[PDB]
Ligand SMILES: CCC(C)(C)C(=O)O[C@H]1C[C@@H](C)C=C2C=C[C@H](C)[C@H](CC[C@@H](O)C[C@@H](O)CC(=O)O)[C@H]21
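Just the one chain here, the form deposited without the ligand, laid out as structure tokens.
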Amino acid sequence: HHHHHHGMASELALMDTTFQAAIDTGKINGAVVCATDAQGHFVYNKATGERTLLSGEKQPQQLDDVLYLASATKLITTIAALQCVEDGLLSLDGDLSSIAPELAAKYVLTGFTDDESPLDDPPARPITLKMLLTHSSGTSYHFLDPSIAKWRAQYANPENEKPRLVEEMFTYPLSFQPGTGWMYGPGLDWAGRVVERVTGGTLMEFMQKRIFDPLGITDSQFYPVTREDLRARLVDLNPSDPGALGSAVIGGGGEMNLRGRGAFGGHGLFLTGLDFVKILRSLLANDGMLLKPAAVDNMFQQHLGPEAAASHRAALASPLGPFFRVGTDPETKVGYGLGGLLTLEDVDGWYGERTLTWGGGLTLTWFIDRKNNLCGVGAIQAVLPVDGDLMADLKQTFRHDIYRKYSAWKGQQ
């Protein structure tokens, strides 16, 4: 709830020392860190701490433990969407009304009566794939726009507790006119549905052939993880999370996963840290394993138009700015690319200009720094209750100490 952009995590903290202290404090159980340059010259992979099985037996944390990505799924969904643009099944600016009529049918909630009933406005334009990937569609998580939260409570969910698909779950109005604003929301759950529809298969099938197979990734699954071989390595299948919901990653407040069915491109993927960094690296290298190099290039551009960008930058200064800033400085010029936050200026001895970065829940964070030839992912395996402020510091420790280790390694050849 506070900006942890600069302080002792930024300037002093070392992962080895800080994580280990967090373990013995009993506030985390371990961590998985994976970083690499484009060629695999510099490579840092460290699993620290312990995991607990459902039986209660303990094991040392390990680099191939299966982790809950939570919102780090959004990057992988973004790729699958861009892979459909390559094939010409979609386009970034086309009208999606045909494929996803539910989004065309959405009105823009403008406010409420004193009768407490919604005032709406029809969409000035169709909602596009690009607006889905840049959180400028107008679709917001209800916990980030009170209006949508109010509307969602009034039109109470009848408690017909049946697992719902993406379209059956994010039924709310838009928070602003398509293209004209920015707010974090289910834009990539919608995108993953669009992928399923235009391709005529499940999201997991598509991702498995177009992302995981090219990279040699076999140990992936969306929630719920039914493969017994993966469940044996699931970090979050343990006595504190006997349902493997990802409670420790999302922290308090509830779970993205609980009452859905089908894949959720916004938050649903499980994956090892080792396999996730392969994806980060294929994009750092721009090696044409997932996309053609121009398409990857297009991911590292500011994609919010003037109206959206001001809304983004206003949101970054809102009381929820800390969440949206991913550790960057409140004075660092940023935009939004296809896949995460985009640094627009350079930061000396940290993120290069046009670094893409996002995270998962409160405990996972990733970056791609093409200018400085570094990418990485750090995933804290917390213990409940998850301490949000401490997690920000632990993530900061990763985000800077990995650059520190990079500089040291470069001064050694």
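All residue numbers refer to positions in the sequence shown, first residue = 1. Throughout, rigid core stands for the largest set of C-alpha atoms superposing within 1.5 Å between the two forms.
Missing here is the form solved in complex with the ligand; even so, the following discussion is about that form.
- Taking non-hydrogen atoms only, residue 130 never approaches the ligand to within 4.5 angstroms in the entry with it bound.
- The ligand is not shown here, and in the entry with it bound it never comes within 4.5 Å of any heavy atom of residue 104.
- For residue 252, a non-hydrogen atom is located within 4.5 Å of the ligand in the entry with it bound, even though that partner is not displayed.
- Residue contact with the ligand in the entry with it bound: residue 144 places a heavy atom within 4.5 Å of it.
- In short, of 360-368, 57-65, 32-40, 381-389 it is 360-368 that has heavy atoms within 4.5 Å of the ligand in the entry with it bound.
- Annotated contacts: 181, 312 and 315 are all free of the ligand in the entry with it bound [non-hydrogen atom within 4.5 angstroms].
- Checking 273, 266, 262, 339 for any heavy atom within 4.5 Å of the ligand in the entry with it bound turns up a single hit: 266.
- A heavy atom within 4.5 Å of the ligand in the entry with it bound is found for one listed residue only; from 71, 78, 343, 220, this is 71.
- When the two forms are overlaid on the rigid core, CA displacement between the shown form and the other one of 2 Å or more is confined, within 196, 255, 329, 241, to 255.
- In the core-superposed comparison between the shown form and the other one, residue 126 has its Cα shifted by less than 2 Å.
- Residue 228: CA moves less than 2 Å between the shown form and the other one after rigid-core fitting.
- The rigid-core alignment places the CA of residue 107 less than 2 Å apart between the shown form and the other one.
- Cα-Cα spacing of residue 253 to residue 163 is reduced in the entry with it bound versus the present form (difference of at least 3 Å).
- In summary, the C-alpha positions of residue 329 and residue 253 diverge in the entry with it bound, ending up at least 3 angstroms farther from each other than in this conformation.
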